[PDB]
Amino acid sequence: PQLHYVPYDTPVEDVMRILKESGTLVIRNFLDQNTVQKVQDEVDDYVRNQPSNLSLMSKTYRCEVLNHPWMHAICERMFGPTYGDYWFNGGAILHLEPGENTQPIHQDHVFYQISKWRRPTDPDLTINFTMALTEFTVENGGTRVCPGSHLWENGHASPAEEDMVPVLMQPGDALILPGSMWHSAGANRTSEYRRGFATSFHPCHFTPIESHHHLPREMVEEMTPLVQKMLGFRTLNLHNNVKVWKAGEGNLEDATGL
Amino acid sequence: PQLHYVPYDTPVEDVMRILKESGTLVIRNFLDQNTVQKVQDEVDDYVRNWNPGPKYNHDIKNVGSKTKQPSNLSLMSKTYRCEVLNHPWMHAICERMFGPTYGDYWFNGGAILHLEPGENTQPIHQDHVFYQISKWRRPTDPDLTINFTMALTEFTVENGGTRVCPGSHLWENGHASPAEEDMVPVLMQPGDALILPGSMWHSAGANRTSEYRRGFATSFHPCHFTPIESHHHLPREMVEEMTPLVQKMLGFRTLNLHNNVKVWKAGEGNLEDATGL
Ligand SMILES: C=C1C[C@@]2(O)[C@]3(C)CCC(=O)C(C)(C)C3=C(O)C(=O)[C@]2(C)[C@H]2C(=O)O[C@@H](C)C(=O)[C@]12C
Ligand SMILES: O=C(O)CNC(=O)C(=O)O
Ligand SMILES: O=C(O)CNC(=O)C(=O)O
Ligand SMILES: [Fe+2]
Ligand SMILES: [Fe+2]
């Protein structure tokens, strides 16, 4: 167990092996700097002086970020074998004000009640992709992980604060956070904001944190068929090819003429 | 255990008690006959199957293309969505079965259960089999889903009335299905309903009569599970006429987990706020 910084061209099989062994990693140059700027600009345009879904606020988020090949290559190998389809769970902007204290160390899957039935050898209930807007430093509250704690049994006490390993990222790097990885944001002891944005996916049989059916139709039709399924507009296929999120007998996209 | 037939005014505690011991039961007079007949009429009025007259009628113009495929029961039948889904027995049981562990529940799926004459016996199964998380679940854990099978026609042994195996909900997950001789047919009049948790081994019988065995099913499951059916193709006029309870059941409102954490949100607010319900 150890925090690994790997390049963008790392083989997918190496990321999964590091994910199983260490429970987290950082994929550098996950997004290019211009995509990092576009999503912040689009969010700033929407909430120009209340924030809603990131896919509603940012065209780059729903058209570019949610089509990221790394997110889908990882999610396919993590959820595919057991659950079949996956879809978008939630997405937020992670903005730390200067002077913010250390966030409590937690696992993301704690709000799944079925996580208590889960065993550390089972596939994760959700996975998070935390992408850096500003740089992440140990002093501005960058996310801290506890490599290997994803294998701890249910009910294991949170890691001690001294066992937390800060994650250092340039803008565009991504930290991969499976739902079982103990982690928390640090205390921003600097004068500037530490800003990041995240995506999360989970099995299609799980209800997402966010619904996207308040989004206008043109916003939906400009999405790829993959992102449309991610955001809850297409019927999902379980591993047995039994279908959930159906429209009576047929597909939801056929009933809505997507 | 034993298959219990209980009257409508049975206390809620006794019903959940029976569900814990035997894993299933029937509530007599769950619905009145006229209500379940309204659902069928509304379904027939939506599908609009061609009904051949007494003799050939020399049809030329406007032939065919009238029949629609069956959609959600909440879309086809106003009685289903405006009355059946507000049933106090469904919500009393779902509250006590899902509330303490999952918080909110919502609609999972409906079904038109019509057994053809000569239909053979259905494989004996558990309804929660299509939840992969059922392999992690213990028999003492709460159920992953519950089904309410309401009879439209009479349910008999010969017409393939649903069979249950009382107590089989407590078997370990690796347990083989019950033998055919273990199954207990469920005899029901129109309006009765079979209460069917996801862990109860059951199956439709062979319909060895010349008439259809007809009925309707509702199912609910915890709010953190994705329902079989989506209802977001439904017209907005339809959603406005459902109760706030049914709007939450059919996926138009934000759901609350047990720890007051919200899922099915609209960004940071409620879905019903972003849609202006
Ligand atoms: C909005 C959320 C909900 C999320 O904050 C929730 C469930 C929010 C409420 C919580 O009790 C905690 C603090 C336990 C929590 C997490 O700890 C997460 O981690 C989650 C699951 C986030 C996550 O994992 O990914 C980011 C992108 C995100 O938007 C997510 C889905
Ligand atoms: O913002 C961060 O660095 C970490 N945030 C979380 O883990 C969270 O919000 O669940
Ligand atoms: O039709 C019946 O009596 C029982 N049906 C089922 O168990 C089913 O459709 O899953
Ligand atoms: Fe987190
Ligand atoms: Fe069944």
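By convention in this document, chain letters (A, B, ...) are assigned in the order of the sequence lines, proteins followed by strands, and residues within each chain are numbered from 1.
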Revision key, fill the gap. Max heavy-atom pairs within cutoff under 4.5 Å with chain B, candidates A:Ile114, A:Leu54, A:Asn89, goes to A:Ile114
Point to revise | Contacting moiety of A:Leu238, where chain B heavy atoms sit under 4.5 Å | key: side chain
Check your understanding: What part of A:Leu125 lies closer than 4.5 angstrom to a heavy atom of chain B: side chain, backbone, both or neither?
Key -> side chain
Review point. To the nearest 0.5 Å, what is the distance between CG (A:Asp254) and NE2 (B:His233)?
Key: 11.5 Å
Study note, to complete from the structure: Most heavy-atom pairs under 4.5 Å with chain B, out of A:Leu236, A:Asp122, A:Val242, A:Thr256, belong to A:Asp122
Point to revise | Spatial distance of atom CD (A:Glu210) from atom CG (B:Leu271) [nearest 0.5 Å] | key: 11.5 Å
Point to revise | Atom pair OG/CD of B:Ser230 and A:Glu253 - distance to nearest 0.5 Å | key: 10.5 Å
Check your understanding: Taking side chain as C-beta onward, heavy atoms only, is A:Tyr112 less than 4.5 Å from B:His224?
Key -> yes
Review point. So does B:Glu268 have more than 12 non-hydrogen atoms from other groups sitting under 6.0 Å from CD?
Key: no
Check your understanding: Do the side chains of A:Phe79 and B:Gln132 get nearer than 4.5 Å, heavy atoms only?
Key -> no
Study note, to complete from the structure: Nearest heavy-atom contact between B:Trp136 and A:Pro123 is CH2-O, 4.3 Å
Point to revise | Residue B:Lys20 excluded, over 12 heavy atoms near NZ under 6.0 Å | key: yes
Review point. Quick one: of B:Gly109, B:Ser71, B:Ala266, B:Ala274, who has the most non-hydrogen atom pairs under 4.5 Å with chain A?
Key: B:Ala266
Check your understanding: Does atom NZ of A:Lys38 have more than 12 heavy-atom neighbours from other groups under 6.0 Å away?
Key -> no
Exercise for review: Take atom CZ of B:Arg236 as the centre, draw a 6.0 Å sphere, and report whether it contains more than 12 heavy atoms from other residues, nucleotides or ligands.
Suggested key: yes
Practice item. Compare all side-chain heavy atoms of B:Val263 with those of A:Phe206 and state whether any distance is below 4.5 angstrom. Key: no
Point to revise | Geometric class of the B:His232/A:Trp245 ring pair [parallel <30°, tilted 30-60°, perpendicular >60°] | key: tilted
Practice item. First locate atom CD1 of A:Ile209, then atom OG1 of B:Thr254, and finally report the distance between them rounded to the nearest 0.5 Å. Key: 10.5 Å
Check your understanding: In terms of heavy-atom proximity below 4.5 Å to chain B, should A:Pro51 be classed as side chain, backbone, both, or neither?
Key -> backbone
Review point. In this structure, are over 12 heavy atoms from other groups packed under 6.0 Å from B:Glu240 atom CD?
Key: yes
Study note, to complete from the structure: CG of A:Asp85 to OG1 of B:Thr226, rounded to nearest 0.5 Å, is 11.0 Å
